[PDB]
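Below: the structure, in structure tokens.
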Amino acid sequence: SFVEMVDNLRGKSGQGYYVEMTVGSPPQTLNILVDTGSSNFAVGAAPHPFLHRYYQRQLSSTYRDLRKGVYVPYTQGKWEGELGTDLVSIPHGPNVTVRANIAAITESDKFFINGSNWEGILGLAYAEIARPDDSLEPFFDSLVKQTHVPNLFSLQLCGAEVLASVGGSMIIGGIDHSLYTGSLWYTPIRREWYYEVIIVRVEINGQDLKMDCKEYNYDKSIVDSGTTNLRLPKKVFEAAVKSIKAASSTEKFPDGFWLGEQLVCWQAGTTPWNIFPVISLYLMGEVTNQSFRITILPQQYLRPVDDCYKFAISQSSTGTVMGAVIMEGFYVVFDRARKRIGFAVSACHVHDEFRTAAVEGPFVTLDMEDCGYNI
Ligand SMILES: CCCN(CCC)C(=O)c1cc(C)cc(C(=O)N[C@@H](Cc2cc(F)cc(F)c2)[C@H](O)CNCc2cccc(I)c2)c1
């Protein structure tokens with residue numbers, strides 16, 4: 001948790017947060033998307049219309065070919081590449097250098113984003129979901145094994161012609177207490193593959209959705225910085241939108257808005273935040289029958305793009321995805337060492353004059369274990 005690591009993240013609204021890294025010898029500078037939703041470290045390694053620079057293996061004296069192909073299919077897009085290892089560093093991170101697996105991207109489809117300013121991706125999740133298989137050690141694992149950096153990292157993602165620039169901090173190896181206020185509440189990492197968690201209750205403006213909690217984790221729920229929106233299973237999504245619509249019934253918006261397709265704008269500075277309800281996600285606590293809640297404001301789920309916004313909540317077919325808009329305003333600790341994820345109100349916490357993002361506990365909830373999808 002270094003002062004030199006504060007504000008080491010940057011990006012554009014809806015295009016992901018990236019950190020600067022160097023690869024090879026001499027160091028080749030590249031901006032890398034911070035993704036807790038995957039486990040492969042990959043970098044563009046061949047010309048592409050959206051890439052202004054890329055990894056050139058031939059220029060690295062420390063590059064070693066692993067003579068193996070690799071391919072990763074995400075929800076959004078996919079890429080193909082060649083495996084190898086090389087020295088990697090994070091200029092505004094711990095002062096260490098490690099030899100890590102690197103997938104040199106040679107072919108991709110709908111992966112890179114025009115104007116995003118990043119050229120690669122850093123999968124921070126576990127080996128179990130790494131490709132080709134779990135034998136390909138993820139970056140963070142290599143970092144911990146090769147150095148004395150504690151097995152933990154934390155993310156403080158902050159909110160906001162071109163898209164609004166965003167900023168944040170990735171604290172590697174510790175917790176920086178100046179980045180949050182109040183107490184840190186922890187939910188268990190259910191299984192070490194994605195950063196899987198369990199949601200036991202969901203409220204919209206204090207009103208319980210009243211669903212069998214298995215629905216909230218229908219298939220699974222994960223914490224994913226590589227995805228912008230809060231993605232919800234069909235049944236949960238419909239209930240949530242229906243509730244939000246009713247709360248903001250004072251005004252009417254096109255279906256395109258609710259479908260997160262088209263945007264909605266208001267007279268500069270008049271966005272009626274008060275008509276939109278807060279959303280509370282109750283996460284399983286470290287103790288049976290005990291949970292805590294993180295409360296999200298509309299300033300979070302209505303993403304900036306007259307002031308224009310897009311509805312940052314959408315339907316998922318692969319489980320709940322607590323994306324960047326949910327993480328923004330909270331300090332999230334990925335405590336791998338104790339298999340838990342912590343939440344606390346961020347220093348760049350979620351706004352409002354009458355309301356505010358919060359992390360509150362405990363709340364007694366019986367049978368939280370039956371909320372998960374049992375393989
Ligand atoms: C970066 C923010 C902007 N974008 C992208 C532009 C629309 C989003 O908000 C967005 C939206 C959707 C609907 C899906 C994804 C997505 O797939 N993200 C992965 C990282 C990533 C993929 C990529 F193709 C582009 C990109 F910018 C970011 C993430 O890992 C997925 N984790 C779950 C998982 C599933 C299967 C397999 C594995 I392994 C993991 C990102």
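Here's how to read the names in the structure tokens: chain A, B, ... by the order shown, residue numbers from 1 in each chain, ligand numbers from 1 in the order shown.
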Per residue of range 227-307 of chain A within 12 Å of range 164-181 of chain A, note the shortest atom pair and the distance in Å to one decimal, counting only C-alpha atoms, and order the rows by chain and increasing residue number, as CSV.
residue,atom,partner,partner_atom,distance
A:303,CA,A:164,CA,10.1
A:304,CA,A:164,CA,7.4
A:305,CA,A:164,CA,7.2
A:307,CA,A:164,CA,11.7
Next, the residues of the selection above should be written as a CSV table (one decimal), in the first residue's frame with N, CA, C and O atoms.
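In the end it all went to part-v3.csv:
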chain,number,residue,atom,x,y,z
A,303,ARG,N,-24.3,5.8,-16.2
A,303,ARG,CA,-23.0,6.1,-16.6
A,303,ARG,C,-22.9,7.3,-17.6
A,303,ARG,O,-23.7,7.3,-18.6
A,304,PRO,N,-22.1,8.3,-17.3
A,304,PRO,CA,-21.9,9.5,-18.2
A,304,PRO,C,-21.4,9.2,-19.5
A,304,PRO,O,-20.5,8.3,-19.7
A,305,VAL,N,-21.9,9.8,-20.6
A,305,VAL,CA,-21.5,9.6,-21.9
A,305,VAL,C,-21.5,10.9,-22.7
A,305,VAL,O,-21.3,12.0,-22.2
A,307,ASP,N,-26.5,16.9,-20.1
A,307,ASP,CA,-25.7,15.8,-19.5
A,307,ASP,C,-26.4,14.5,-19.9
A,307,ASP,O,-27.5,14.2,-19.6
Protein and nucleic residues near ligand 1, 7 Å, only C-alpha atoms and all ligand atoms, as a PyMOL selection string
chain A and resi 14-16+35-39+72-78+110-113+129-130+224+226-229
Excluding residue 218 in chain A and its own-chain neighbours fewer than 5 positions away, which residues fall within 9 Å of it when counting only C-alpha atoms? Please give them as number ranges by chain.
A: 213, 233, 318-320, 371-373
Emit the selected residues as a short mmCIF file (atom, residue, chain, number, x, y, z; two decimals), in the first residue's frame, including N, CA and C atoms.
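Result file follows (result37.cif):
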data_model
loop_
_atom_site.label_atom_id
_atom_site.label_comp_id
_atom_site.auth_asym_id
_atom_site.auth_seq_id
_atom_site.Cartn_x
_atom_site.Cartn_y
_atom_site.Cartn_z
N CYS A 213 -33.03 -16.54 -2.94
CA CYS A 213 -31.68 -16.05 -3.16
C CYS A 213 -30.84 -16.83 -4.16
N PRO A 233 -28.97 -11.79 -13.83
CA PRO A 233 -29.68 -12.91 -14.46
C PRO A 233 -31.05 -12.39 -14.90
N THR A 318 -25.03 -15.51 -18.00
CA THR A 318 -23.97 -16.25 -17.35
C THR A 318 -23.76 -15.83 -15.89
N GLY A 319 -24.84 -15.46 -15.22
CA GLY A 319 -24.76 -15.07 -13.82
C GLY A 319 -24.61 -13.59 -13.54
N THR A 320 -24.59 -13.25 -12.25
CA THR A 320 -24.44 -11.86 -11.85
C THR A 320 -23.00 -11.41 -12.02
N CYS A 371 -27.77 -20.31 -0.93
CA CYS A 371 -27.94 -19.25 -1.92
C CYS A 371 -27.06 -19.51 -3.14
N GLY A 372 -26.08 -20.39 -2.97
CA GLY A 372 -25.17 -20.70 -4.06
C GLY A 372 -25.61 -21.81 -4.98
N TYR A 373 -25.05 -21.79 -6.18
CA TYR A 373 -25.31 -22.79 -7.21
C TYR A 373 -24.40 -23.98 -6.94
#
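Pairwise distance (CA of residue 132 in chain A, CA of residue 71 in chain A) equals 7.0 Å.
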Can you pull out the residues contacting residue 198 in chain A? Cut-off 12 Å, using only C-alpha atoms, and skip same-chain residues under 2 positions away; I want them as an NGL selection string.
:A and (186-191 or 195-196 or 200-202 or 213-223 or 281-286 or 291-293 or 319-322 or 340-341 or 367-374)
Where in range 148-207 of chain A does DSSP assign strand (DSSP E or B), given as a PDB file with C-alpha atoms, in the first residue's frame?
ATOM      1  CA  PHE A 153      -4.352  -6.411  -3.799  1.00  0.00           C
ATOM      2  CA  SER A 154      -7.020  -3.736  -3.605  1.00  0.00           C
ATOM      3  CA  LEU A 155      -8.806  -1.535  -6.095  1.00  0.00           C
ATOM      4  CA  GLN A 156     -10.214   1.942  -5.716  1.00  0.00           C
ATOM      5  CA  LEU A 157     -12.037   2.737  -8.939  1.00  0.00           C
ATOM      6  CA  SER A 165     -11.586  10.287 -18.175  1.00  0.00           C
ATOM      7  CA  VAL A 166     -11.647   8.166 -15.029  1.00  0.00           C
ATOM      8  CA  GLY A 167      -9.011   7.375 -12.436  1.00  0.00           C
ATOM      9  CA  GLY A 168      -8.269   5.049  -9.562  1.00  0.00           C
ATOM     10  CA  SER A 169      -5.656   3.104  -7.641  1.00  0.00           C
ATOM     11  CA  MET A 170      -4.474  -0.485  -7.636  1.00  0.00           C
ATOM     12  CA  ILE A 171      -2.693  -1.136  -4.365  1.00  0.00           C
ATOM     13  CA  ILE A 172      -0.514  -4.215  -4.812  1.00  0.00           C
ATOM     14  CA  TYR A 180     -11.491   4.454   2.524  1.00  0.00           C
ATOM     15  CA  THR A 181     -13.578   5.530   5.515  1.00  0.00           C
ATOM     16  CA  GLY A 182     -15.638   3.468   7.936  1.00  0.00           C
ATOM     17  CA  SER A 183     -15.227  -0.280   8.332  1.00  0.00           C
ATOM     18  CA  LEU A 184     -14.159  -2.939   5.840  1.00  0.00           C
ATOM     19  CA  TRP A 185     -16.714  -5.744   5.502  1.00  0.00           C
ATOM     20  CA  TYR A 186     -15.698  -9.099   4.060  1.00  0.00           C
ATOM     21  CA  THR A 187     -17.566 -11.645   1.960  1.00  0.00           C
ATOM     22  CA  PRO A 188     -15.980 -15.057   1.303  1.00  0.00           C
ATOM     23  CA  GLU A 192     -10.949 -19.842  -6.408  1.00  0.00           C
ATOM     24  CA  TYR A 195     -13.643 -14.050  -7.671  1.00  0.00           C
ATOM     25  CA  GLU A 196     -16.956 -15.721  -6.902  1.00  0.00           C
ATOM     26  CA  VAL A 197     -19.202 -14.395  -4.152  1.00  0.00           C
ATOM     27  CA  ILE A 199     -25.558 -12.336  -2.832  1.00  0.00           C
ATOM     28  CA  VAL A 200     -28.226 -13.197  -0.250  1.00  0.00           C
ATOM     29  CA  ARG A 201     -30.653 -10.286  -0.601  1.00  0.00           C
ATOM     30  CA  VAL A 202     -31.393  -7.422  -2.990  1.00  0.00           C
ATOM     31  CA  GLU A 203     -33.348  -4.261  -2.214  1.00  0.00           C
ATOM     32  CA  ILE A 204     -34.407  -1.354  -4.406  1.00  0.00           C
ATOM     33  CA  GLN A 207     -37.855  -2.691  -0.893  1.00  0.00           C
TER      34      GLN A 207
END
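In the backbone-derived DSSP annotation, helix (DSSP H, G or I) within range 170-277 of chain A comprises residues 177, 178, 179, 213, 214, 215, 216, 217, 234, 235, 236, 237, 238, 239, 240, 241, 242, 243, 244, 245, 246, 247, 255, 256, 257, 258, 273, 274 and 275 of chain A.
Distances to residue 193 in chain A were evaluated for A:264, A:297, A:259, A:127 using only C-alpha atoms, and the minimum falls at A:127.
Shortest separation to residue 7 in chain A among A:92, A:310, A:252, A:336 occurs at residue A:92, atoms counted being only C-alpha atoms.
Note that CA of residue 152 in chain A and CA of residue 42 in chain A are 21.1 Å apart.
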